[PDB]
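J.: Next up is a structure, given as structure tokens.
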Amino acid sequence: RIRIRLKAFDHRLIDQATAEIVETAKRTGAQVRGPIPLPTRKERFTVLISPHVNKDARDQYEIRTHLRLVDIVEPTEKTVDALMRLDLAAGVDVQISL
Amino acid sequence: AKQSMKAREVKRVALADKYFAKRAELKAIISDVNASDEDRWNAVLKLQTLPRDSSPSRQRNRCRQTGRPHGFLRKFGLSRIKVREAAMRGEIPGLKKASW
Amino acid sequence: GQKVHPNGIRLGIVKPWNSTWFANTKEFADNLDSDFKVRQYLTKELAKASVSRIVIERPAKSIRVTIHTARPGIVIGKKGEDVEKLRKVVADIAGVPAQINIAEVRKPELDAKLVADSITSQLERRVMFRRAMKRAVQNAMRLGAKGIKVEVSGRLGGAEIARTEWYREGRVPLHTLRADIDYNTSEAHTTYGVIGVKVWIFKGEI
Amino acid sequence: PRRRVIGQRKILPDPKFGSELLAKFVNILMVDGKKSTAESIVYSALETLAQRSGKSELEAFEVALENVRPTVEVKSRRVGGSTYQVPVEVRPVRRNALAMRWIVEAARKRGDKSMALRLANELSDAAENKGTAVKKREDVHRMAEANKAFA
Amino acid sequence: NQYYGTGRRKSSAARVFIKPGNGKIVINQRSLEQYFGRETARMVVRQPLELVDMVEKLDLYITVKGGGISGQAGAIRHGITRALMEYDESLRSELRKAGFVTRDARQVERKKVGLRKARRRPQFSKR
Amino acid sequence: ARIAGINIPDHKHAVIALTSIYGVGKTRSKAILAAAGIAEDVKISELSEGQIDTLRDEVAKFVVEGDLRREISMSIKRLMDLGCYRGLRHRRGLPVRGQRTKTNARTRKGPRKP
Amino acid sequence: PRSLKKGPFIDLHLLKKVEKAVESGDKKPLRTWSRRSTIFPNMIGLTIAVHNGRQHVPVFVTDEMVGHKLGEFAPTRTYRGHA
RNA sequence: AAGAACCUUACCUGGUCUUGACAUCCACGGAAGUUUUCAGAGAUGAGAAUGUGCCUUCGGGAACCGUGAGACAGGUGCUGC
RNA sequence: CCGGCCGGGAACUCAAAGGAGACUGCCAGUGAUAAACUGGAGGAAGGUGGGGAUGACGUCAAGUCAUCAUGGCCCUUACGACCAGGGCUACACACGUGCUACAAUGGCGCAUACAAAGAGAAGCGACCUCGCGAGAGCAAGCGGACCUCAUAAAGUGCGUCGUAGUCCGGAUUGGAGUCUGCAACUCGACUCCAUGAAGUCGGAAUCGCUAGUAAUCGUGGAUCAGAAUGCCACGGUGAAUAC
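Chains as they are written, first to last, in the deposited numbering: chain j, 5 to 102; chain n, 2 to 101; chain c, 2 to 207; chain g, 2 to 152; chain i, 4 to 130; chain m, 2 to 115; chain s, 2 to 84.
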């Protein structure tokens, strides 16, 4: 039972990552549960934009971290190895749970 | 922002990791619940006779670029002005202007 | 206080980021500081060599630095050899080993960092500022651009009272979020002080 | 406001015995965002009211509300700049609301053991024309009668 | 069988299953009286069943998350409206003329920057 | 109805009437009435005299009104005759626990005439 | 206040100084920059000149001073009156 | 100032250092580094041991640190008119 | 063992990607054959649906040379640098902005219900034991829709106080502590016991608010070793009035 838990900031980028993972795994012998959209984490920073006074002048930024779960059940060794040989993109962070 | 202060913070970090490896060991004698009274009093004094820098309550977490004490954020490790500059320039990944 | 940064909002809407990676709460400040160090180290050595921007990716515990330069043969030098020297500092100053690519700039009179470098270079050569602005504006509009606005602020001739002065030709719609506008500022340090050049270039709508 | 003639909101009809007037009275009575405690005060006022009248609670509320009710009021207006007090006729949806407001603001005084007993006193004293609500009404009617020259 | 309605109101989410039966109402393994005790949802969950006189011939199974008491009450009412809309398309025409069909959205306003609680400015003083 | 220092009220409950003594508050009166076994609800007027004496000795266990006033005045005088910092703050009529002295402290500094 | 399980606080240099003054047996003052040190019972009867920021004020350790810090008997801010 | 017990800290009293706490250069050496003591409020001042590594022109070269001169370094010092 | 607890289900809440929708699109009336307005239908939504981001040319020679950068002056055994202690926390007074109150729409005690958003690795720290409590001990889980912070509070039901400076208020002060931290005197937060001040709705004046708003109730985060009544966010209940 291998679960591929992968995070990214850009959601159009993380669609592509889980797409290549589900395609390569579902190619040769795996009954995966597919992409699971675990909730996006919105992290908000309020910063002051003046170098001095004017406390009321402020900017609110956010980092949105998108989670995607892929659940391989009935695994195969060439599926997990040909999954490992992919180096999809910079911007996605993968964690394979054995 | 006074290069001597950046030198002071980098002096404190260098003492901090080393005598923090020593300090977490020697600080456990004072307050476990039941070590002794002799070694409690001994550990108090030997904890005192370390340099004051190498206590991690003495660092300020200054900014990396300007070295500014106030307005710090721990996520980026910068001050607020340099976070705004790097966010507008696009240097920080995934940081959009939030509106909701 | 006016005028939010154009790239800073089209980061979300249109323009791509300059950094493309992911980090947890631990690795974020270290990655960000290493990226700042490699940008400020490449900045001078290719600020003689007409650079515009570098894009840092962090794939698989390594750093990947794309350099968008207007003179690629000056960056690569003889046989690409100078780029290897860049690798043997960046793979040092990033920690992780380096892979440095050079992306070309097709028309260097449409990339705003290069135009700000041009006007600041001319202003440090003590030319008249209006000659530099009108030459850059006419060059961009005659090479084909939907709009350009240059703006210089500072003492601007050698002058006790400092003023701003700008030129637009074409349309520069800053409120249109679906518009493609690239903007950069640079600083010209002359003997009277600092003169700041902000240039906006509108290329079309996305 | 300045421009619009914006339409009024709709309040919920009453749970116990349906009336928009009773719901408006509860809404005028409640302070600090507490609808339930004011509803309980109104109900334990109107349950100890219909026994001291014999006429039941909605009708005792209606003609106890009638004796404190304005038909003209005083506004301030300018013609030349002297800025004096003029009489003007009132709206019916304004006059019932001004009645409820006068009853509750007179019932905040005459302190008794609880607010429900205070409403039980002041609804009855207004039903028999000697409360402070009808005294405020008689003040308004006297003041708008004394200035009757301005039409 | 089962006719489903969903009702959201003020961050409350209710899901209602209406069926032919008794007058008994079940809500999170509880009755109506032991879940809501005050004026609201002893009345407002009765209102779409009070417009068309069918309180006795149908029974409900309601499960609800989110919000508070009156928000959950309006969520259940808006869900019972959809659940009774699953009965007959003439019912929505008969109860469109009294409310109950609109989602009644009106979420809380986010706290604005510089202000105190999204409208209240903090105490301007000239000198 | 007569606990050696003072008199207690008779129409209050026994907890609240016990709190009239200098030296007991809510918790100490609760503990005293829990030891003596009187319910907290009943008034003083329903109590009887043997039960008032079995209240009296438990109030006599603690330090109460007279020697408590002696103890407090002796400690504050000990501070003021010590020469410590809290002694000087007790002297000049200023806040002792490090409070704001610039703006507030209108309890310790007295009502504001000037 | 400190915790009770930690014990009372004194500097090591002040403890060495007061034990040197006990084995020496003299009653000559000693000037200290250790305001954060709790007064110990062996220090009773010898004047200690505690630093207050400018000068060293000499305080005489009595029996009643045996709980407090040394700096509590050395005022730092001077104030006489606004008139 | 999105947070003054020390730090922060720019302020004051006292004790100290000068190519300097932060950089580059030049000459001479010493592995760096670790433990521990005494004096001192501490900065510092004095030691006593331990280790001696990498490529090798291997009298050397990279980090490290000490000493000496001069360019210099440093200034939260002034003018946001 | 009735606990989504387990098989299982892919309906529903939800999660996130992708679309549809709202455009004066339709109808009537009035207007210059117009733009538009007024009303109505359907529609979850009605006319920029609500909110945010978005700040034109310029004004104040507005603010910052103490975030940074910088032209010019000034200092160089000193205005540079290191350290300990102090101070930034003082206190006859004046103002600005907030918090808590003056109570019965309330205080206290008991029982019970309903949230959203967020943080967590030299960190969040279950269960159990000890302590009146702050907390201590031992200690699983968790880089998290899993685990923890973390029992939401107003509300509700019963009792009690019966309008007193009072069972209101909780300042001040004494004693005893806990925890972080080399170190809590100057000068931390909290706990428990005792104390129980002013204050009974506030002068001339003056502020905010047009609907899920004002008001009221709690929660969370950043900075942070420790230290919010501030700031930034989040939900519960929830008005009145506009001629």
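We put the CB at the ideal spot given by N, CA and C, even for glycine.
Kindly confirm or deny that the stretch 86-93 of chain j and the stretch 23-37 of chain j touch, where touching means at least three C-beta pairs closer than 8 Å.
T.: Counting Cβ pairs under 8 Å, three or more are found: they touch.
J.: Determine whether the beta carbon atoms of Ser154 (chain c) and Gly194 (chain c) lie at a separation below 8 Å.
T.: Numbered from its first residue, the third sequence carries residue 154 (chain c) at position 153. Numbered from its first residue, the third sequence carries residue 194 (chain c) at position 193. Contact: no.
J.: If contact is defined by three or more beta carbon pairs under 8 Å, each pair taking one atom from either stretch, is the stretch 5-13 of chain n in contact with the stretch 69-89 of chain c?
T.: No: fewer than three Cβ pairs fall under 8 Å.
J.: Within the same chain, show all residues whose beta-carbon is closer than 6 Å to that of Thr21 (chain c), passing over the 5 residues directly before and after it, in chain order.
T.: In the third sequence, counting from the first residue as 1, residue 21 (chain c) sits at position 20. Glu58, listed in sequence order.
J.: Specify, as a first and last residue, the run of the alpha helix (DSSP H) that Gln41 (chain c) falls within.
T.: As a first step, residue 41 (chain c) is located in the third sequence; it is residue number 40 there, counting from the start. Looking at the DSSP string, the run of the alpha helix (DSSP H) that includes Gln41 (chain c) is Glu28 to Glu46.
J.: Mind the definition here: the stretch 174-194 of chain c touches the stretch 22-41 of chain g only if three or more C-beta pairs lie below 8 Å; say whether that holds.
T.: The stretch 174-194 of chain c, when compared against the stretch 22-41 of chain g, does not touch it at the 8 Å Cβ threshold.
J.: Counting only Cβ pairs nearer than 9 Å, list the residues of chain j close to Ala137 (chain c).
T.: The residue you call residue 137 (chain c) lines up with position 136 of the third sequence. The contacting residues do not exist; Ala137 (chain c) stays about 30 Å from chain j at best.
J.: Short of 8 Å in beta carbon distance, which residues of its chain neighbour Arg90 (chain m), apart from the five on each side in sequence? Order them along the chain.
T.: The residue labelled residue 90 (chain m) in the question sits at position 89 within the sixth sequence. The residues are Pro96 and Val97.
J.: Helix, strand or coil for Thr83 (chain j)? Go by DSSP, reduced to three states.
T.: Numbered from its first residue, the first sequence carries residue 83 (chain j) at position 79. Reduced to three states, the DSSP call for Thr83 (chain j) is helix.
J.: I need the straight-line Cα distance from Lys89 (chain c) to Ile64 (chain c), nearest angstrom please.
T.: Start at 1 with the first residue of the third sequence, and residue 89 (chain c) comes out as number 88. Start at 1 with the first residue of the third sequence, and residue 64 (chain c) comes out as number 63. For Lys89 (chain c) and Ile64 (chain c), the distance between alpha carbons rounds to 12 Å.
J.: Short of 8 Å Cβ to Cβ, which residues in the stretch 27-39 of chain j face chain c?
T.: Flagged: no residues at all.
J.: What number of angstroms, rounded off, separates the C-alpha of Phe10 (chain s) from the C-alpha of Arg41 (chain n)?
T.: Counting from 1 along the seventh sequence, the entry for residue 10 (chain s) is found at position 9. Counting from 1 along the second sequence, the entry for residue 41 (chain n) is found at position 40. The straight-line gap from Cα to Cα measures roughly 12 Å.
J.: Return no unless some Cβ of chain j is closer than 8 Å to the Cβ of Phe37 (chain c).
T.: Within the third sequence, numbered from 1, the residue matching residue 37 (chain c) stands at position 36. For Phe37 (chain c), the answer is no, since every Cβ of chain j falls outside 8 Å of its Cβ.
J.: Where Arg36 (chain s) and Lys17 (chain s) are concerned, what is the direct C-alpha to C-alpha distance, given to the nearest angstrom?
T.: Position 35 of the seventh sequence, counted from the start, is the residue given in the question as residue 36 (chain s). Position 16 of the seventh sequence, counted from the start, is the residue given in the question as residue 17 (chain s). Computed Cα separation, rounded: 16 Å.
J.: Contact check, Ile33 (chain m) vs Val25 (chain m) under 8 Å by CB: the rounded distance?
T.: Counted from its first residue, the sixth sequence places residue 33 (chain m) at position 32. Counted from its first residue, the sixth sequence places residue 25 (chain m) at position 24. That belief holds up - the Cβ atoms of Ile33 (chain m) and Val25 (chain m) are roughly 7 Å apart, short of 8 Å.
J.: Give me the subset of the stretch 67-96 of chain n whose CB atoms are less than 8 Å from a CB atom of chain j, sorted by chain position.
T.: Under the 8 Å Cβ criterion, the stretch 67-96 of chain n contributes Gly72, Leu74, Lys76, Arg81, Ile82, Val84, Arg85, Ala88, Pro94, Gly95 and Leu96.
J.: What residues of chain m sit near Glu73 (chain s), judged by a beta carbon separation below 7 Å?
T.: Residue numbering aside, residue 73 (chain s) sits at position 72 when the seventh sequence is read from its first letter. Here the neighbours are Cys85 and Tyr86.
J.: Going by C-alpha to C-alpha distance, which of g:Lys131, g:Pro93 and g:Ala98 sits closest to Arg111 (chain g)?
T.: Taking the first residue of the fourth sequence as 1, we reach residue 111 (chain g) at position 110. Nearest C-alpha to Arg111 (chain g): g:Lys131.
J.: Can you confirm whether the stretch 133-140 of chain g touches the stretch 66-83 of chain g when touching is taken to mean that 3 or more C-beta pairs between the two stretches lie within less than 8 Å?
T.: Judged by Cβ distances under 8 Å, the stretch 66-83 of chain g makes contact with the stretch 133-140 of chain g, as three or more pairs qualify.
J.: Assign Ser49 (chain m) to buried or exposed, taking buried as 16 or more other Cβ atoms, counted over all protein chains shown, within 10 Å of its Cβ.
T.: Residue numbering aside, residue 49 (chain m) sits at position 48 when the sixth sequence is read from its first letter. So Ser49 (chain m) ends up on the exposed side.
J.: Note down the Cα distance separating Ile149 (chain c) from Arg119 (chain i), rounded to an integer number of angstroms.
T.: For the purposes of this step, residue 149 (chain c) is identified with residue 148 of the third sequence, where counting begins at 1. For the purposes of this step, residue 119 (chain i) is identified with residue 116 of the fifth sequence, where counting begins at 1. Each residue's alpha carbon lies about 42 Å from the other.
J.: CA-CA distance, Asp126 (chain g) and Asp140 (chain g)?
T.: Mapped onto the fourth sequence, residue 126 (chain g) falls at position 125. Mapped onto the fourth sequence, residue 140 (chain g) falls at position 139. The straight-line gap from Cα to Cα measures roughly 16 Å.
J.: For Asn4 (chain i), count neighbouring Cβ atoms within 10 angstroms of its own Cβ and tell me buried if that reaches 16, exposed if not.
T.: Here residue 4 (chain i) refers to the residue found at position 1 when the fifth sequence is read from its first residue. Classification of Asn4 (chain i): exposed, given that the 10 Å Cβ count is below 16.
J.: Whose C-alpha, out of s:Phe74, s:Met44, s:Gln56 and s:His52, is nearest the C-alpha of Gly26 (chain s)?
T.: Your numbering for residue 26 (chain s) matches position 25 in the seventh sequence. Looking at the Cα atoms, s:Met44 is the closest of the given residues.
J.: Which value, in whole angstroms, describes the spacing of the CA atoms of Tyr6 (chain i) and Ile12 (chain g)?
T.: Position 3 of the fifth sequence holds residue 6 (chain i). Position 11 of the fourth sequence holds residue 12 (chain g). Rounded to the nearest angstrom, the two C-alpha atoms are 31 Å apart.
J.: For a test of the three-state rule: what should DSSP assign to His81 (chain i), helix, strand or coil?
T.: Stepping through the fifth sequence from its first residue, residue 81 (chain i) is reached at position 78. Three-state result, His81 (chain i): helix.
J.: In chain order, which continuous runs of the beta strand (DSSP E) of length 3 or greater are located wholly inside the stretch 53-81 of chain i?
T.: Correct list: 61-69.
J.: Excluding five sequence neighbours on each side, which residues of the same chain lie with their C-beta closer than 7 Å to the C-beta of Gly8 (chain g)?
T.: Here residue 8 (chain g) refers to the residue found at position 7 when the fourth sequence is read from its first residue. The answer is none, since no qualifying residue turns up.
J.: Excluding the 5 residues preceding and the 5 following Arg37 (chain j) in the sequence, name in chain order all residues of the same chain whose CB lies nearer than 7 Å to its CB.
T.: Residue 37 (chain j) sits at position 33 when you count from the first residue of the first sequence. Once the five neighbours on either side are set aside, the close Cβ partners of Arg37 (chain j) are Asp75 and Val77.
J.: Pull the bridge partners of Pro88 (chain g) from the DSSP assignment, please.
T.: For the purposes of this step, residue 88 (chain g) is identified with residue 87 of the fourth sequence, where counting begins at 1. DSSP lists g:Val75 as partners of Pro88 (chain g).
J.: Taking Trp18 (chain c) as the query, report the chain n residues whose CB atoms sit under 7 Å from its CB, ordered along the chain.
T.: As a first step, residue 18 (chain c) is located in the third sequence; it is residue number 17 there, counting from the start. Per Cβ cutoff of 7 Å: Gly91 and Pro94.
J.: Please decide whether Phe13 (chain j) counts as near chain c, where near means a Cβ-Cβ distance under 8 Å.
T.: What you label residue 13 (chain j) is simply residue 9 of the first sequence in a count that begins at 1. Yes, contact with chain c.
J.: Which residues share a DSSP beta bridge with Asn68 (chain g)?
T.: The residue you call residue 68 (chain g) lines up with position 67 of the fourth sequence. According to DSSP, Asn68 (chain g) bridges with nothing at all.
J.: Take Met144 (chain g) and list the residues in its own chain whose beta-carbon comes closer than 8 Å to its own, dropping the five residues that flank it on each side.
T.: Residue numbering aside, residue 144 (chain g) sits at position 143 when the fourth sequence is read from its first letter. Taken in chain order, the residues that qualify are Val75 and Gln86.
J.: Ignore the nearest five residues each way along the sequence and tell me which others in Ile40 (chain j)'s own chain have a CB closer than 6 Å to its CB.
T.: Mapped onto the first sequence, residue 40 (chain j) falls at position 36. Around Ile40 (chain j): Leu73.
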